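>
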Amino acid sequence: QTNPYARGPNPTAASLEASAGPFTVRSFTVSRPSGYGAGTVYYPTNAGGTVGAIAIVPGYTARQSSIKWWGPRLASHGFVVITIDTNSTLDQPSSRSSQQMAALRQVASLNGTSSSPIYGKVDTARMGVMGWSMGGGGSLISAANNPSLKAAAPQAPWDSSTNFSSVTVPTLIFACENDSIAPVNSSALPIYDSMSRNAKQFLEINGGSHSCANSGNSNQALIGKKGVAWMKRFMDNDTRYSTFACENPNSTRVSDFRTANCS
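Take any residue in the sequence shown, count from 1 to its spot, add 1: that is its number in the entry's author numbering.
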């Protein structure tokens, strides 16, 4: 009769492009991180039911400030988000994946802790992974090793191997056209091309440097619209987002677009 995971009013193009969605957002610092360096948790106060969880990791030498804007933007549409700092700023993708999954593990334990702000707010069976550069490589390793994850959306990914043909998780890849650290022709695009068994999408930002999807970027309307809709459609099975998730935006800010196995 109804989707038990659907939350919030019917989405529109304007509402997905605004800086904030429908729910009020609060946040707190993790007092004693378990297996990673530091973490901030963003959550909705009034979503009307339990919601899925997303863990986000930055890149080599980077910290939480680079990916922070995703916290309030995703949480305000009905998600619990944890953004992390790694044990060392110089950790490699394999280690970054380990710490991303330890962060999801701790969010799950906080759901059962009555003193926590997110006590009872999380559906621990529905989780997803995001991250930038080496942390986006780490996100793909996480999905390849843990196929119960519901969604993946790395940005400017990099890894020592481009072969991710074992990934069965729905994966959205954000790429930046003018990336000189993890160039599209030698990382993001071969990574996308290796995935043969999943719903997938490739979205390359016109004229974008390596940090084209970080906090402060000038395409937050489009990037945020696509990120929220992808997570809504595949973590929540919410078919109100099916067109927003799979469609070609037909935008002057996208220089390359590709999708497979979506509808």
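Ideal Cβ placement from N, Cα and C applies to all residues, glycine included.
1) Identify which residue in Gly121, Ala109, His78 has its Cα closest to the Cα of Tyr242.
2) Just the C-alpha distance for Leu91 and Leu150, rounded to the nearest angstrom, thanks.
3) Between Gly137 and the rest of its own chain, which residues show a CB-CB distance below 6 Å, the 5 nearest in sequence each way excluded?
4) Inspect the beta-carbon positions of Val130 and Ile83 and report whether they are closer than 7 Å.
5) Measuring CB atoms only, is the stretch 211 to 220 touching the stretch 56 to 69, in the sense that at least three cross pairs come out at less than 8 Å?
6) State the start and end residues of the unbroken alpha helix (DSSP H) segment that holds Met135.
7) For a test of the three-state rule: what should DSSP assign to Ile206, helix, strand or coil?
8) Between the alpha carbons of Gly208 and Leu190, how many angstroms are there, rounded?
9) Taking buried to mean at least 16 other C-beta atoms within 10 Å of its own C-beta, is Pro171 buried or exposed?
10) DSSP state of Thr244, grouped into three classes?
11) For a quick check, are the C-beta atoms of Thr169 and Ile192 less than 7 Å apart?
12) How would you write the range of the beta strand (DSSP E) that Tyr44 sits in, first residue to last?
13) Output the residue ranges of the beta strand (DSSP E) runs that lie fully inside the stretch 169 to 227 and measure 3 residues or longer, sorted by chain position.
14) Is it true that the CB of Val26 sits closer than 7 Å to the CB of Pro73?
15) Since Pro45 and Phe29 are thought to touch, with beta carbons under 8 Å apart, how far apart are those beta carbons, to the nearest angstrom?
16) Would DSSP call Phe24 helix, strand or coil?
17) So for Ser95, helix, strand or coil by DSSP?
18) Buried or exposed: where does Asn146 fall if 16 or more other Cβ atoms within 10 Å of its Cβ makes it buried?
19) Mind checking who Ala152 pairs with in its DSSP beta bridge?
20) For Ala39, I'd like the list of residues in its chain whose CB is within less than 6 Å of its CB, leaving aside the five on either flank, ordered along the chain.
21) Please name the residue in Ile68, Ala103, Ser134, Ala56 whose C-alpha comes closest to that of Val81.
22) I'd like the ranges of any beta strand (DSSP E) spanning at least 3 consecutive residues and lying wholly in the stretch 47 to 71.
23) Residue 1 and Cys247 look like a contact to me (Cβ under 8 Å); what is the Cβ gap, rounded to whole Å?
24) Report the three-state DSSP secondary structure of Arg74 (helix, strand or coil).
25) With respect to the beta strand (DSSP E) encompassing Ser256, which residues constitute its N-terminal and C-terminal limits?
26) Reducing DSSP to helix, strand and coil, say where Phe235 ends up.
The short version:
1) By 1-based counting over the sequence shown, the position of residue 242 is 241. Ranking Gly121, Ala109, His78 by Cα distance to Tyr242 puts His78 first.
2) For the purposes of this step, residue 91 is taken as residue 90 along the sequence shown, with counting starting at 1. For the purposes of this step, residue 150 is taken as residue 149 along the sequence shown, with counting starting at 1. Straight-line Cα distance between these residues: approximately 26 Å.
3) Within the sequence shown, the letter at position 136 stands for residue 137. Taking C-beta separations shorter than 6 Å and ignoring five residues to either side along the sequence, the partners of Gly137 in its chain run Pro155, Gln156, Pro158, following chain order.
4) Numbered from its first residue, the sequence shown carries residue 130 at position 129. Numbered from its first residue, the sequence shown carries residue 83 at position 82. Taking 7 Å as the Cβ cut-off, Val130 and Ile83 do not qualify as a contacting pair.
5) Yes, since at least three Cβ pairs between the stretch 211 to 220 and the stretch 56 to 69 fall closer than 8 Å, the two stretches touch.
6) For the purposes of this step, residue 135 is taken as the residue at position 134 of the sequence shown. Taken as a continuous stretch (DSSP letters only), the alpha helix (DSSP H) holding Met135 covers 135 to 146.
7) Your numbering for residue 206 matches position 205 in the sequence shown. If DSSP states are grouped into helix, strand and coil, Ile206 belongs with the strands.
8) Counting from one through the sequence shown, the residue named residue 208 turns up at place 207. Counting from one through the sequence shown, the residue named residue 190 turns up at place 189. Whole-angstrom Cα-Cα distance: 16 Å.
9) Counting from one through the sequence shown, the residue named residue 171 turns up at place 170. By the 10 Å Cβ count, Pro171 comes out buried.
10) As a working note, residue 244 is residue 243 in the sequence shown. Helix at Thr244.
11) As a working mapping, residue 169 is identified with position 168 in the sequence shown. As a working mapping, residue 192 is identified with position 191 in the sequence shown. Result no, Cβ atoms of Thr169 and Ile192 do not sit closer than 7 Å.
12) Numbered from its first residue, the sequence shown carries residue 44 at position 43. Note, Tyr44: beta strand (DSSP E), 39 to 45.
13) As far as the stretch 169 to 227 is concerned, its whole beta strand (DSSP E) runs of at least 3 residues are 172 to 177, 201 to 206.
14) Translated into positions along the sequence shown, residue 73 becomes position 72. Translated into positions along the sequence shown, residue 26 becomes position 25. Yes, Cβ-Cβ distance for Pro73 and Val26 is below 7 Å.
15) The residue you call residue 45 lines up with position 44 of the sequence shown. The residue you call residue 29 lines up with position 28 of the sequence shown. With 8 Å as the limit, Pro45 and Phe29 do not qualify as a contact, their Cβ atoms being about 13 Å apart.
16) Position 23 of the sequence shown, counted from the first residue, corresponds to residue 24. DSSP, reduced to helix, strand and coil, places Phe24 outside both helices and strands of the structure shown, so it counts as coil.
17) On the sequence shown, position 94 is the one that residue 95 refers to. Looking at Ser95 - three-state DSSP - the assignment turns out to be helix.
18) As a first step, residue 146 is located in the sequence shown; it is residue number 145 there, counting from the start. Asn146 is classed as exposed because its beta carbon has fewer than 16 other beta carbons within 10 Å across all chains shown.
19) Mapped onto the sequence shown, residue 152 falls at position 151. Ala152 pairs with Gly129.
20) Your numbering for residue 39 matches position 38 in the sequence shown. So the list reads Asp86, once near-sequence residues are dropped.
21) For the purposes of this step, residue 81 is identified with residue 80 of the sequence shown, where counting begins at 1. With distances taken between Cα atoms, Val81 lies closest to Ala56.
22) Whole beta strand (DSSP E) segments, 3+ residues: 52 to 58.
23) Lying outside 2 to 264, the shown extent of the chain, residue 1 is not represented and no answer is given.
24) The sequence position of residue 74 within the sequence shown is 73, counting from 1. In the structure shown, the three-state DSSP call for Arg74 is helix.
25) Start at 1 with the first residue of the sequence shown, and residue 256 comes out as number 255. For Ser256, the enclosing beta strand (DSSP E) stretches over residues 255 to 261.
26) Against the sequence shown, residue 235 aligns to sequence position 234. It is helical.
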